[PDB]
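Shown next as structure tokens: one chain only, the form deposited in one PDB entry.
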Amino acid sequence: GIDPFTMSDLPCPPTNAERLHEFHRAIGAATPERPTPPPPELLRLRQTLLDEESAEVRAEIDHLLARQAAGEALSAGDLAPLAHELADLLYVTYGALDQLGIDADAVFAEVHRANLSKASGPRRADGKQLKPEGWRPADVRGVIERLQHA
């Protein structure tokens, strides 16, 4: 029940995943709330966008590396194109999850849990990260199942 005294501006920004949902509504493509098997044309589209942005990211990394090989000292400002493309890559990665009706935050949270837990393990003498006692793998199947009934 909201009222004349209510604050409408939320005190926390939408997530990047929430931004994609808003973007898809804007382009007239309002996407599902729950995991939804896609037609093949949607899967081809998503793969095309990933390949495009991944190719742009690789070109910016290559360009920075070529300049370092030539003896150049990079500046913070030199990173803008790489930063821009890494963000474009997040955009189309989130974009794919959103078009699948899969909440990207819920899946990321489960991956993160497993990765963070693995980070609490010891290192092998050569530096390789080992798993700690009690380690449990990411259960993304369980996450997709929950999302279908939440």
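Don't overthink the numbering: it's just position in the shown sequence, from 1. Only residues modelled in both forms are compared. If you superpose the two forms and keep the largest set of C-alpha atoms that fall within 1.5 Å, you have the rigid core.
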{"query": "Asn16 coordinate gap across at least a third of other entries", "finding": "no"}
{"query": "Third-or-more of other entries without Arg123", "finding": "yes"}
{"query": "Greater mean Cα temperature factor according to the PDB record, 8-16 or 136-144", "finding": "8-16"}
{"query": "Selected stretch [higher average CA B-factor]: 97-105 or 28-36", "finding": "28-36"}
{"query": "Relative C-alpha B-factor of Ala125, binned into the chain's lowest, middle or highest third", "finding": "highest"}
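Not on display, but discussed next: the form deposited in another entry.
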item: Core-fitted Cα difference of 2 Å or more between the shown form and the other one, single residue among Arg67, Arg44, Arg123, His84; value: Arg123
item: C-alpha of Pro132 moved at least 2 Å between the shown form and the other one on rigid core; value: yes
item: Shared-residue segments moving between the shown form and the other one, Cα shift 2 Å or more over 3+ consecutive positions, core-fitted; value: 120-136
